[PDB]
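Encoded as C-alpha cells, the structure appears first; notes follow it.
Residue numbers (the deposited numbering), protein chains in the order written: chain P, 850 to 903; chain G, 850 to 1011; chain H, 1012 to 1118; chain D, 742 to 795; chain A, 154 to 287, 290 to 379, 393 to 469; chain U, 154 to 287, 290 to 379, 393 to 469; chain R, 796 to 849.
Below is the structure:
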C-alpha cells in the first residue's frame, strides 16, 4: 500500500468518572463516540508532507 | 459561489405622481416595469475587473464571506467543495442528487469491528476566518442591503444617466 | 474538544478519613510536562481524597483505598522554589500539608 | 470534586492509506500432453492459433 | 444447505389470549395448516430481515418462552368505552394493515407485548386504528414490525435511547426540548434488552457466530428439494434416541449418523447462530431488533 | 393538474334561471351523469386553467354559494324583439362554442351573473353572437370564460384596471376614443375582487397555500370503491361536532385526534383553499380570476 | 410548456421555460418535507416604440 498524508494520531486513554477505562485515538479532526459523549481533536500543526513517493 | 462580472447596481426608488413609492433597481443597462412606463440605465460607473480567482460564501439569514481561492468545476479532495449538492435540503438531509469525490471514506475492517473516519473540510472555519467586511485592494467588500447577492462598496462618485 | 450529550453523573458522599504524607517532588516548572509529586495516602476504607491549595488554582484528587498506597499526579508551577501549602480532605474537613522540591527549567 | 482524566500515550503520526493490494510468490506447474496429427483435435492450424480462455 | 423459512425452533407457537381461535393450525407451526400470523411474514419484498433470519424466534414465540413480558391488558378492544389504553402508544406507530385481519399486535415502548382488536363484525382499515364494516375475519394478529426473538438473559438497564437531534420519539420523553418539535415519520431501528425499555438506536451492527446448537441445522425427510423433518427427534453423539438421521461433516460433527439406517439427511443451516447487536461501542445480547416507522419529533427552532 | 375532476365540494350546483332542464344529472355534480355546463370545462387543450385549479367552485357554484351576485336580468333573451341587453357584451367577445347549445353564460362588468337564453328550440352558431333555428340539443349553458369561484375577504375597489395605451379592453370602456383606434384579437386575463368590477391585468401570477377551513380537507369512509363523506362534521379542538374522524399530521393538526372512535379517514387536499394573485406588488386573494379570449381595442393616436 | 402555464397556448413570440428548485415544508407553504418546485414561464416583450436596422 501507500500513503497520501501523515495524520497526527493521539492515542488517548479516557478515564470515566465511575472508573471505566477506555483507550481510543484522535486524528486530524475526527471524533470518537464514548459513553459520556464524543471527544475530537481541535487545532493541529504537526504535519509531514511528502508520502506519495514511498 | 463565484463572481464572473461586477454589474453596477443602483437601488433607486420611484415616487409616482399620486404618492405611491416603488423601490426597484437598475444594473448596467437593464429595464423594469412600473405603473407609468419603464426605467433604465444608460451609462454605468467604474467596474471591477478580474474576479475569476475568487469565490464568495452566502449564509441563509446570516452574513457573507470571501475566499481567496480560485473556483474548481470538478469535486476533488482537499478543496472547499469536495461534497456538493444543489439545494439546502439536499445538504441537511444528504440527498442522492448531490456529487462527491470517489474513494473518500476511509474503511478500517477489523473482523467484526468497523470504523469509518473521514477528513472532511469544515466550511465554518473558513466562513469564520474570512468573513465580510474584508479590505481588498482599494475597494471594501461587504454584504447586501436588499436583494440576495454579493455586493461591493466603492469610494468614487456617481456618474450615470437615467 | 470534549462535547457532552446529556450524561448523568452521580456521586455518593464519602465519610472516611485518610492522612496524606509527603514523599518527594521531581519535575520542572513552566514546561509542557510539569512536576510529578509523590504522596502517601493512608486511609481505612475505599473512597476518594480531595486536595487543593490556598487560592484555589490547584486541585489534587487521588483514589483512596484501604492501606498505605503511594499516589500522586503531575502539577504545574512557575517557580523553581515551590513552597505552596496544600489542604487535603478525605470527606470535607481539610488538613494542613506543605510540599517542597527543587525543579529544573524546561519548556 | 471529580476529575475526568484523559491520559495521553505519545505523539504519533499515522499514515492515511488509499490504494492497496495483495501480492506474493507463486510457482507455475506445466502439464505435458502430446497427441499425433489427425487424431481428435491434433491439427496444424489449431495449434498455431490457440486461445487461452478455451 | 439452504434453511427453510417455516421450521420454527423451540415451541413454535404463534397465538395470544383473546385471539387464540387459530390454535388448530398455528400450534405448532408446520407445513400442515395456514396460520394467519405467519403468512405475511414470508412475503417477498415486505419483511427482508425475517427472511434473512430464518431459524430465529419471533415476538410471540418469545412471549410463550417467557422472554418478553406481557402488557395489561394484552388484548384490548377498539370500540370499548372509557377510552382505550392501547391507542396512545399505537397512534405514533406509522404502520399499514391490508384486509381480512381483525387484530394486530405491536411492540410498545414499555418493553411489553400489547395488542388491540375490534368486536364482531369489524376488521382493520388501511392502518389498524378503528374498525369498519365490509370478507372473512382471520382470527389472529397481524404483525406490524420486523423483529426477531432469541433466548437470552443479558441485563441492560444502564442503556437508554441517546439519539442525536431527537427530542421525543414515541411516548418516552427523552431530553427537555424547550423549542419547537418537528412531528414527522421516518425509519429508525431499535433494540429491547432485559429489564429495560424500548431503546431506540440510529445505527446498529449485527454479528453472527456459528456454533453447535441444535437450532443451527436442518434435515430432509425420506423413506428408509424434499420436505422438512423434525430435528428434535434426531439422536445425539455417542448415544441413541427416538428416530435416526445422518448428515455430512457439519451435521455429523455434533450428532451421530447411522448411514443406511437413517431416515433424514441432515445438513448445515445457512442462516442461524447467535445474533448480537453493538450499542454504545459494546457488544450486547438483544432480544427484539426491529425496523418499523415511528413518529420522531426532531428539533426545529 | 388536480386529481379531483368530477368531485365538487359543497353544493356543486350548475344551473341558471331559465335553463333548469339538467338538474337530474347536474344537481349535484358527481362522477356520473352528463352535465353540458361542466363536461366542456375538463376538455384537454381547451380550458387548461380550469384543469390546473379544480378543487374550488366554478361561476354558477359561486352564485349558488352566496358569493357572486346576479345581474338584471340574470338570463337575457337572445331572441326577444326590440333588442336585448345581452348584445354589446357578446359582440365584443371572440369566443367559440360547439353547436346544439341554447345558452352561454359569461361575466359582465359589475361582477354579477349575466347570461343569455335561447327559447326552444333555437340553437347557437360557431361564434354564439346570434341564434338560429334547428343531433340532440344540450339542456344547459356553455361557459364562455375560464374562471373559478372562491371565497375571499380582501377588498380591492381602488385597484381599477390600469392598462395604459388601451382604449377599450374586453367589455369595459376606459374612455371615449374619438381619434384613431386599433382593433386586434388579443388575450388578456381578468380578476374580480370584493366590491369591485371586472379588473383586467397583463400577467398572471398564481399562488397555492393551505389554511384551516374545512374546504382544504377531504375525507372518505371505509365500507364494503371510493365513497365521499362530509368533512364538515369533524369536531374541533375542545368543541363539538357530529361524526368523528382522524388522519395524519396535516389533518390531525387542524381538527381533533380521535383514531379509536373515528368513523372515517380524513386526509389533506393537494394544495387548495387560498389562491392569491400578485397585483400592485402585494398578494391579494381574488374571487373569480380567469383567462378569457376577447377583442382588445388599443389606441394609436 | 408545463401544465401551470399551458392556459396561454402555443405563442409565436420569444419565450422560455425554466424550472427552479424551492424549499418546502410548513415554513414556506407546504404539507410535506419533500422539496417543492417553481414553474417559470418568462417571455420576451418590446417596450420601445420604434426599431433600428443595424
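No residue lacks a Cβ here, since even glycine has one placed at the ideal position from N, Cα and C.
Measure from the C-beta of residue i to each C-beta in chain A and report whether the shortest distance is under 8 Å.
| i | result |
| --- | --- |
| residue 963(G) | yes |
| residue 884(P) | yes |
| residue 422(U) | no |
Roughly how many angstroms separate the alpha carbons of residue i and residue j, rounded to a whole number?
| i | j | result |
| --- | --- | --- |
| residue 395(U) | residue 279(A) | 15 Å |
| residue 191(A) | residue 368(A) | 24 Å |
| residue 182(A) | residue 297(A) | 16 Å |
| residue 796(D) | residue 894(P) | Outside the displayed range of chain D (742 to 795) lies residue 796(D), so it cannot be described from this structure. |
| residue 855(G) | residue 989(G) | 14 Å |
| residue 167(A) | residue 214(A) | 6 Å |
| residue 913(G) | residue 862(G) | 25 Å |
| residue 431(A) | residue 154(A) | 17 Å |
| residue 781(D) | residue 766(D) | 37 Å |
| residue 412(A) | residue 221(A) | 35 Å |
| residue 1020(H) | residue 454(A) | 26 Å |
| residue 207(A) | residue 438(A) | 9 Å |
| residue 315(U) | residue 238(U) | 24 Å |
| residue 184(U) | residue 158(U) | 8 Å |
| residue 853(P) | residue 985(G) | 35 Å |
| residue 1050(H) | residue 1078(H) | 13 Å |
| residue 1056(H) | residue 1032(H) | 17 Å |
Excluding the five sequence neighbours on either side, which residues of its own chain have a C-beta within less than 6 Å of the C-beta of residue i, listed in chain order?
| i | result |
| --- | --- |
| residue 822(R) | none |
| residue 831(R) | 817, 819 and 825 |
| residue 299(U) | 248, 257 and 259 |
| residue 1085(H) | 1045 and 1047 |
| residue 274(A) | none |
| residue 1100(H) | 1061 |
| residue 1095(H) | 1064 |
Are the C-beta atoms of residue i and some chain P residue less than 8 Å apart?
| i | result |
| --- | --- |
| residue 1012(H) | yes |
| residue 320(A) | no |
| residue 971(G) | yes |
| residue 1097(H) | no |
| residue 448(A) | yes |
For chain U, find out if any of its Cβ atoms is closer than 8 Å to the Cβ of residue i; answer yes or no.
| i | result |
| --- | --- |
| residue 826(R) | yes |
| residue 240(A) | yes |
| residue 244(A) | yes |
Verify the CB distance criterion: does residue i have a CB-CB separation below 8 Å to chain G?
| i | result |
| --- | --- |
| residue 317(U) | yes |
| residue 878(P) | yes |
| residue 842(R) | yes |
Determine whether the Cβ of residue i lies closer than 8 Å to any Cβ atom of chain R.
| i | result |
| --- | --- |
| residue 938(G) | yes |
What is the C-beta distance between residue i and residue j, in whole angstroms, given that I count them as a contact (C-beta under 8 Å)?
| i | j | result |
| --- | --- | --- |
| residue 423(A) | residue 452(A) | In fact, because the Cβ distance is near 31 Å, the residues do not count as touching under 8 Å. |
| residue 933(G) | residue 948(G) | 5 Å |
| residue 245(U) | residue 463(U) | 6 Å |
| residue 266(U) | residue 216(U) | 5 Å |
| residue 345(U) | residue 460(U) | 6 Å |
| residue 240(A) | residue 427(U) | 6 Å |
Tell me which same chain residues have a C-beta within less than 7 Å of the C-beta of residue i, skipping the five on either side of it?
| i | result |
| --- | --- |
| residue 743(D) | none |
| residue 282(U) | 243 and 244 |
| residue 286(U) | 275 |
| residue 878(P) | 889 and 890 |
Which chain E residues are close to residue i, counting only those with a beta carbon under 9 Å from its beta carbon?
| i | result |
| --- | --- |
| residue 935(G) | Absence of chain E from the displayed structure is noted, the protein chains being P, G, H, D, A, U and R. |
Under a CB-based cut-off of 8 Å, is residue i close to chain D?
| i | result |
| --- | --- |
| residue 1087(H) | no |
| residue 893(P) | no |
At a cut-off of 7 Å, would you count residue i as near the ligand GTP, judging by its Cβ distance to the nearest heavy atom?
| i | result |
| --- | --- |
| residue 274(A) | With respect to the ligand GTP, the structure shown offers nothing to examine, as it has no ligands at all. |
Closer than 8 Å, CB to CB, is residue i near chain H or not?
| i | result |
| --- | --- |
| residue 888(P) | yes |
Within the same chain, show all residues whose beta-carbon is closer than 8 Å to that of residue i, passing over the 5 residues directly before and after it, in chain order.
| i | result |
| --- | --- |
| residue 916(G) | 903, 904, 905, 906, 929, 975 and 979 |
Query - Positions along the segment 743-757 of chain D whose CB lies within less than 9 Å of some CB in chain P - result: Within the segment 743-757 of chain D, the residues whose Cβ lies closer than 9 Å to some Cβ of chain P are 743, 744, 745, 746, 747, 748, 749, 750, 751, 752, 753, 754, 755, 756 and 757, listed in chain order.
Requested in this report: Return the residues of the segment 758-781 of chain D that lie within a Cβ-Cβ distance of less than 8 Å from chain P, sorted by chain order.
Outcome: Answer set for the segment 758-781 of chain D: 758, 759, 760, 761 and 762.
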